[PDB]
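Participant: return atomic coordinates for the entry below.
(chains A, B, C, D, E, F, G, H and I, ligands or ions: 2)
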Amino acid sequence: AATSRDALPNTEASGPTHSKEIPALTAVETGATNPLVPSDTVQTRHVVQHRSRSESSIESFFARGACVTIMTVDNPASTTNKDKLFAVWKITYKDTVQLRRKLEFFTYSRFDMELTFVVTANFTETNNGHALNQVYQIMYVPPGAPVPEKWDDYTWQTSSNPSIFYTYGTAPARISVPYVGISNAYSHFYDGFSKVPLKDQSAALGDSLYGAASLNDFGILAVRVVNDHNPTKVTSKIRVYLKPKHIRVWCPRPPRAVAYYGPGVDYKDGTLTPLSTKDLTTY
Amino acid sequence: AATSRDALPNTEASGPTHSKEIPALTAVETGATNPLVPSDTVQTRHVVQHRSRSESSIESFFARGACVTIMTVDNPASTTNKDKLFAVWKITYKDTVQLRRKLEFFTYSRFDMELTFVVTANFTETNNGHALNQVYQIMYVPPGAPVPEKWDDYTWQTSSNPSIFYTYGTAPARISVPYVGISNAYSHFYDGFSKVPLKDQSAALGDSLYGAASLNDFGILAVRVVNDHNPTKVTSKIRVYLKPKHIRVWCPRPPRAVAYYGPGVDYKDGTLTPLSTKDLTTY
Amino acid sequence: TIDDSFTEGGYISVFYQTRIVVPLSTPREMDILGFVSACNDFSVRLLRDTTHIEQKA
Amino acid sequence: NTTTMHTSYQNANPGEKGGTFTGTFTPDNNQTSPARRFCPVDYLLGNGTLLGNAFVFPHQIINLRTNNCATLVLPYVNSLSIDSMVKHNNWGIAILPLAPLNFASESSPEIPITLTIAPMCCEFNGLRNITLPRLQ
Amino acid sequence: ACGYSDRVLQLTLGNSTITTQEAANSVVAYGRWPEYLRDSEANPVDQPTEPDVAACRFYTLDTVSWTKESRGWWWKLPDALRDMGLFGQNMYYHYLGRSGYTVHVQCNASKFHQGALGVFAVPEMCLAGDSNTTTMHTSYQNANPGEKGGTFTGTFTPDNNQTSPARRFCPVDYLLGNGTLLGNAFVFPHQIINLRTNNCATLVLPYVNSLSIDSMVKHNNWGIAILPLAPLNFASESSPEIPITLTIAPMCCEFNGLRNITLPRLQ
Amino acid sequence: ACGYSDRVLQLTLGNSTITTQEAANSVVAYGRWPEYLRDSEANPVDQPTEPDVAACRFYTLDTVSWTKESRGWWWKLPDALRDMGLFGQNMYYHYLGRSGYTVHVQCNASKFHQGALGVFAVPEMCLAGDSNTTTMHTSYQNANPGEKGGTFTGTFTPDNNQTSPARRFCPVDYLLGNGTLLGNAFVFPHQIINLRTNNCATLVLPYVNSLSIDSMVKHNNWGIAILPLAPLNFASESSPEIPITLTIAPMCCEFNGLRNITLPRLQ
Amino acid sequence: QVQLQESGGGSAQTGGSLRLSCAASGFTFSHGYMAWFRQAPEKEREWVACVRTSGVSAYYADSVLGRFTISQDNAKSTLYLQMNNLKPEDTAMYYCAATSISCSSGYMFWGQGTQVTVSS
Amino acid sequence: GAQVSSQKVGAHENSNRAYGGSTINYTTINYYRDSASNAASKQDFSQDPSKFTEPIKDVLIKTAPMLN
Amino acid sequence: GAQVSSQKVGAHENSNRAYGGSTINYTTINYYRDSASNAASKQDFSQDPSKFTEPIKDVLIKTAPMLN
Ligand SMILES: CCCCCCCCCCCCCCCC(=O)O
Ligand SMILES: CCCCCCCCCCCCCCCC(=O)O
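Facilitator: Numbering: from 1, shown residues only, chains lettered A, B, ... in the order given. Ligands and ions are numbered 1, 2, ... in the order given. Have a look at this structure:
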């Protein structure tokens, strides 16, 4: 019943003391933190506490949208040699640093996921040519579904896939995705392997990655310019912003101290130094 | 219970007088203002007062939006020598004159703050080139948070910072910020220093500014063009308009007579002359 | 949450009250470990981005 | 005229001897070693505003023919409930002659002014070692 | 009155009994006691096998040594108990398995000895690799070092042989072996054996995972990391040595999907 | 049951807290706790200033040393606290002042150390002179040695320089520094720190005098004398050393007759 | 984009002198201070010297007193650090920390720094 | 949870069967959880300026001699 | 089926005849069938940290000796 926006426990006025009770003495061998408050050690007056923990609630701590990835696509001229650039990105929070570390404060989580799409385009070649306002399809390809090989192949029919046709210039795109995990919680860290190396099998056949569950965990997004070739080249950058809503978490873990290296927990050399120089007897 | 839109006290009909009571005589040594009304000194008729003080209420006096700052950014060509201009402005009402003086009518205040963003762009170089409608991120960097050093560095991920992606051409941008002060009122004037110059310390170590609290009081805003380099240069001006809502104030102070000079109370020479020439016996 | 004079916090110090005494055949020097924790009355506000991590390029 | 908010602590707090107002603003030109003090112009109430508006502050005017003293009880006023006294001054007591001194047909009259202030309802928190400020 | 103390503890599981006279109470991880799967959270449809007394008993892992040189030590559960009586047998015989533990670490000395050992319990204790070229490259054979377990190192030394990698964990001590400052290791349930005070660490651990029941062969639930917070010191000696012994007891263990035995390639 | 002991004591005054694990209970001098002046016994007519938290807190006096050579040590209250924060400030600002104290003497060692220290509290601890020619001749400057205090001597050596006397106390140890046999020193409230047992001495002292309130500058109420009943011994050593630290806390202090500050000639 | 860029090098013999500069841009709201900081090879970052906004009122660190000179040219929007009598203790990295300040400690903008080496 | 408030009619339209007459009201419904977000009510109180006009300890009676 | 919830008033406007005073509320009505689509309520519970602070089997009593 104690909500987030509740006033914190008050400070009780306590006077001088000379008794056989020892708030001050403990033993951190027990693993337990000694739970004291100012009054326990020094004389205090009465204080009606006003501050609340309101903002520090798990839900509020993740209430911000965050850039997960930057997908780049383009629409070149018809005569061109290179193909029209259409991107495919494996949906994961671990491509960027910020949001990841925040999510790493715990062992597991559940959250309905909100994605936002900020598209931004421009020309590239020195020319005064023209491009009419461009549209963009963002097709979510769940694991196993046919990944588009061309920018104009059958896959874009999306008879079952959930897509979003964004018209450039209008407000950023947004879609809601519930907790879609195969487990009873999303796993930030997975101490194990997908395969088991059997003895009646060759090492190769039984080998897999350390820390990985399913290579394809959530699927890929596919983004393409819908409008056809235009004599003047136009490149586009779609920025995805994720805001984890309705979030729950379990078992806290120490926050990442050294820079990330790969999708794993691994650390690169040359970054193994986080704390600076400070003399013990210097304030 | 006497509201803002209340009719003012009526004018009571009072006739001739010849008594030992003296409304007319006072003594402004007491500091107190003699509280009279027409009837006290001259014969009056009865008047049903219609006018109200409605508009003069503290809330209404600040009910206007006001230009606090003009932030300039640009998006130059990829080949260029100079970097893409991205501005960083220290959030303060004292950069402009108007709103400041209004806020200076008192010693302290509390107000939920509304900011509006009016962006306006144009080309610069003589050329007929093209730029597709540009987006703009306005990232609020609270004190201590990582200030962006590049236009494309990690900081723009904004995993915890509150940002606003404005698409050009749509209605001006607006966000609400509550009373975020560290004190129990915002301080317009602070007669004191942040540091104390101790005797067992060097003058340099104990020195600070006069009238300043915390150098970083509210943080900085960071604005950048989101779209990448475009062959034709496009400069942009983001105008911020603040409207202090839900405002309270305390202790009135004489309004600024001479032009402002710096963030302080200080006055420059050559501006020490506000009142003009008028002869004592000339209407 | 940053170094500031206006919002300074003070000083935490540790001094020998008496001294450390050990009998013979005993390590004459040892260690002390320090811990810190907020109290029930503690709170934090105005969410912001941290500097204790970054992504260079 | 070169450095805003530059008055040094030692000049900001002139203790019991206090300070004065001046009839003219004279900039400090020695940029080799600034004087770093307040130059509070009288008519500007020493803060860029016309003296005539000084009445918005609680006040009394000792007008010789009438009274002989001014008593102004002041409550604690600040943005915080309690604050560092060493660093910050709550109130300010400014005395300026609205009407110049005149006595008989004399050229040099003189009369003294004495200030007696009494702290009230004072409370202090966070007891520690004594601060020896650098006042000079 | 009768003399009941926090230091004196007698734990009993099955046919094994652990005693102690210098304890520091006991730790129930996240306050939850280990338990059997409730119909509400059930997942596999078959009748689960609960070995009970057969597997719910203390098993002593070979004893390691502690010297001034020691950086650290680590194990994985259920991994560590992969070859402990019926628990292992049952483990290898089923596709799924969930188990909790009563971890008791034993390390005594004299009132003339000094130091501190922090036995930490980390659910999903992922450790870091040894290559600056290949992320997440530690091979299964090095990920699961059984009852002998592993250690922590004082320096990160990259593996350069790209002709045949060493594919192991190089878990830097101060980084708790996972890129985070050790000082924060207390967020995990824990006890610190500080010689002058106690002589043992008891950490009861409930089953913790993202799933109700999971493949034990493939995945380790908990992690037991022991690193000397205070280095070992004894008298005016240059080479002191005292042993550390780990005895872990699986609790409320249940296994589903009975099939032929898995003979893993451990070497 | 819960483990409450006589040895474990936590005292708190204002913003200071004293703990201890090897105490021998505590002494309330003459059973009376220090208290504020009651209207029944009031004397000065003005509103007394009661500094409370401002002065009622523990103040540590510089630490002295204990060796086999040590004869003794002594202090005077309020004298000893003449330069301790606000208590001193207030002391110097008033003509009258009454205060009680919570004297805590700290001196720990090893179970291998041996000796006993008798911390005695003597109200009106008058000490003897050093001249065989002039009685009651000790000068104020020598009567009040502040926080550094004084010592006892093993032999009485008269002062012969009658050209310029030394005018100090020569307090013979066995004579308790006042012409009486030490063995009778127990009639005063006291505790004896006997190394093998305890580690501290706590003597709460109420205001004791012939007047309800008195000039603190001029007169000392109590006296804290510490003399080794059993000499210091450690191992088979020739020069052992252990420190003694005094922390005193004024209690229920009240001052009357506020005036300008007194700058005494202490040197 | 308050661009603070140091210059001045660092490879002099023991006893010489170097001119450490710093190009400033963006919006340096004059009022406040502008300064210099050193990190040293293996020590804590230490304050060198601070000069006032436009005012040539400054201070120096006890260690560097008189041997370092910090000025400015607000026309050229630059600050300068002349350093005479370089020594083995002065060998270190130097940073132009010129923003906000108000004193000799607060900042929102630093530079990339440059290394100095007084060899002998 | 709509907030219906009345308006101070100024220019009266030739109506008392819709406008002009029968008290004109307006509806308001907040759209956000934060108090900061709300629209400025404008239904504020006024007060006695005596706290500034008569900062005297003994009550000011206009009809009598100020200094008595 | 509107959801009316109250707000924790921070900066009080000079009103108690519309704002400031008489408890400020806000309306919310879901627009989709999916729970995922809803706006984040923010009316969340807090709890006892003892599950982390005191992970001990026998209750921790601050006033007594830890190890008894
Ligand atoms: C139109 C998009 C529809 C569906 C999008 C599916 C992407 C889901 C991404 C969820 C990320 C949760 C990460 C937790 C990792 C884990 O489960 O172990
Ligand atoms: C997205 C922007 C979020 C936060 C913006 C914070 C800026 C707050 C500015 C408040 C100005 C109040 C000025 C009063 C001065 C004072 O407190 O002394």
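Participant: helices of chain G, start to end?
Facilitator: Here chain G has no helices by DSSP state H.
Participant: who in it is up against chain D?
Facilitator: G:30, G:31, G:52, G:53, G:54, G:55, G:56, G:57 (C-beta under 8 Å from any C-beta of the partner chain). All C-beta atoms are positioned from the backbone trio N, CA, C, and that covers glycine.
Participant: what is the neighbour count of the fourth one?
Facilitator: Neighbour count for residue G:53, taken as other C-beta atoms under 10 Å in any protein chain shown: 25.
Participant: repeat for the first one
Facilitator: Other residues within reach of residue G:30, judged by other C-beta under 10 Å, total 18.
Participant: which residues touch it?
Facilitator: B:262, D:4, G:53, G:54, G:74 (C-beta atoms under 8 Å, 6 or more residues apart in numbering or on different chains).
Participant: measure it to residue F:52 for me?
Facilitator: 50 Å (C-beta to C-beta, to the nearest Å).
Participant: picking that back up, farthest pair in the residues of chain G next to chain D?
Facilitator: The span of the residues of chain G next to chain D, defined through C-beta to C-beta, is set by G:31 and G:56 at 15.0 Å.
Participant: the more surrounded of the two?
Facilitator: It is residue G:31, of residue G:31 and residue G:56, that has more neighbours when counted by other C-beta under 10 Å, with 23 against 17.
Participant: hmm, that one is touching residue G:53, no?
Facilitator: Yes - contact criterion C-beta atoms under 8 Å: residue G:31 and residue G:53 qualify, at 5.3 Å.
Participant: distance of the most far-flung residue of chain D relative to its centre relative to ligand 2?
Facilitator: The C-alpha centroid of chain D is most remote from residue D:105, which lies 31.8 Å away (C-alpha atoms, centre = their mean). Note on residue D:105: its distance to ligand 2, by C-beta to the nearest ligand atom, to the nearest Å, is 53 Å.
Participant: likewise residue D:72?
Facilitator: Residue D:72 is 26 Å from ligand 2, by C-beta to the nearest ligand atom.
Participant: now do the contacts for the residue of chain G found nearest ligand 2.
Facilitator: Nearest to ligand 2 in chain G, going by C-beta to the nearest ligand atom, is residue G:102, at a distance of 14.1 Å. Going by C-beta under 8 Å, 6+ apart, residue G:102 touches B:194, B:208, B:209, B:212, B:215, G:32, G:33.
Participant: give me the neighbour count for the residue of chain G found nearest chain I.
Facilitator: Relative to chain I, the nearest point of chain G is residue G:108 (27.2 Å; C-beta to the nearest C-beta). Residue G:108 is flanked by 20 other residues according to other C-beta under 10 Å.
Participant: swap in residue A:282?
Facilitator: That count, for residue A:282 with other C-beta under 10 Å as the rule, works out to 6.
Participant: ok, it - contacts?
Facilitator: residue G:44 are the contacts of residue A:282 under C-beta under 8 Å, 6+ apart.
Participant: residue 95 - nearest residue in space that isn't next to it in sequence?
Facilitator: Answering for chain A, as no chain was given. Leaving aside its sequence neighbours, residue A:95 sits nearest to residue A:69 (C-beta to C-beta, 6 or more residues apart in numbering or on different chains; 5.2 Å).
Participant: hmm, no, I was thinking of chain D.
Facilitator: With sequence-adjacent residues excluded and distances taken as C-beta to C-beta, 6+ apart, residue D:95 is closest to residue D:113, at 7.0 Å.
Participant: looking at this, that neighbour is in a helix?
Facilitator: No - applying DSSP: H, G, I helix; E, B strand; the rest coil, one finds residue D:113 to be coil, outside a helix.
Participant: and the gap between the residue of chain G closest to ligand 2 and residue A:112?
Facilitator: The value you get for residue G:102 to residue A:112, if C-beta to C-beta is used, is 46 Å.
Participant: got it, and residue A:170?
Facilitator: Going from residue A:170 to residue A:112 by C-beta to C-beta gives 24 Å.
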